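Reviewing the structure listed below.
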Amino acid sequence: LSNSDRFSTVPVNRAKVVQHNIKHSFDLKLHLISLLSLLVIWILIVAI
Amino acid sequence: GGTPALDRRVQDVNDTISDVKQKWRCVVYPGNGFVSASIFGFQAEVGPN
Amino acid sequence: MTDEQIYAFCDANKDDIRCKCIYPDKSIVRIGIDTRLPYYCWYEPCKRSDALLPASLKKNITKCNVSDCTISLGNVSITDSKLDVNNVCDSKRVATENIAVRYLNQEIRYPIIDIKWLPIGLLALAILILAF
Numbered sequence: 293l294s295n296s297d298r299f300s301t302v303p304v305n306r307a308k309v310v311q312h313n314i315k316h317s318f319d320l321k322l323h324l325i326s327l328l329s330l331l332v333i334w335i336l337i338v339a340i
Numbered sequence: 050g051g052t053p054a055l056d057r058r059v060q061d062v063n064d065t066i067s068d069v070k071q072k073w074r075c076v077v078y079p080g081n082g083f084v085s086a087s088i089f090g091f092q093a094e095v096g097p098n
Numbered sequence: 001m002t003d004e005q006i007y008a009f010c011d012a013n014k015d016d017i018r019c020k021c022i023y024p025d026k027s028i029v030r031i032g033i034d035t036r037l038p039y040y041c042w043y044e045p046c047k048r049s050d051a052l053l054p055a056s057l058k059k060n061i062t063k064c065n066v067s068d069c070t071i072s073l074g075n076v077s078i079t080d081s082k083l084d085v086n087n088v089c090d091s092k093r094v095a096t097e098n099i100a101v102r103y104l105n106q107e108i109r110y111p112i113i114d115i116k117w118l119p120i121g122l123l124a125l126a127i128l129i130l131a132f
């Protein structure tokens, strides 16, 4: 009962908690990074 | 994963009673009908006096 | 409320549901004595939220349903791991590995270079004048 207020009387949808955590989190833009890297490599070798 | 969602707002008496002896149980009474019973006796109604 | 008003309420109407735990029938306490289990531990009116209880009755009720077993760990040292101590002394408590998720209210840092770089960057552009 020390941490009784730590628990929830109502049920908790923990899947939605994890989904909001994923939604509002830093986006490692590997798509942009990969496109930029390929463009850099092509410019450095083929173009220049 | 984890554990199933639990709604405290709906009270279940069986959660608090951890001993079978203390739970109220409907059982067959050979004398007449069926009666409630437990280690605390039979559920009863108040008489006149 | 105060004990005197409690007694007045419970003896004005000794059959009140709220004032039933305080003034139970002698049958209930005698059953509790025979069973060797105090009546206030199992009596249903004593569990009512609106049931009023004096100091003595509540401090006796607190004695009901308490286990006596002690864990005395030593010098615990854990790194890059997870620890969870549950004082379940074979009390019909199922092994629970429920992961406690929370709302990470994260603030995303933005890729802002310290604007103290603004003079230096200007100097960079300035060196184009050397190429002229």
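Chains as they are written, first to last, in PDB author numbering: chain B, 293 to 340; chain c, 50 to 98; chain I, 1 to 132. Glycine residues also receive a C-beta, built at the ideal position from the N, C-alpha and C atoms.
At least one CB atom of chain c sits nearer than 8 Å to the CB of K92(I). When 9 Å is used as the limit between beta carbons, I108(I) is near these residues of chain B: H316, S317, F318 and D319, in chain order. Here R18(I) carries a helix assignment [DSSP, helix/strand/coil]. Residue range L322 to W334 is occupied by the alpha helix (DSSP H) that includes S326(B). The beta-carbon separation of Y40(I) and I61(I), rounded to 5 Å, stays under the 8 Å limit for a contact. Per the coordinates, the alpha-carbon of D15(I) lies some 26 Å from the alpha-carbon of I66(c). Within the stretch 56 to 78 of chain c, contact with chain B at the beta-carbon level (separation under 8 Å) is assigned to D56, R57 and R58. Between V302(B) and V101(I), the CB-CB gap reaches or exceeds 8 Å. In this structure, the CA atom of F89(c) is about 11 Å from the CA atom of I33(I). In the DSSP assignment, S85(c) forms a beta bridge with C75(c). C-alpha of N305(B) to C-alpha of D64(c): approximately 22 Å in a straight line. Within the stretch 95 to 106 of chain I, contact with chain c at the beta-carbon level (separation under 7 Å) is assigned to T96, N98 and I99.
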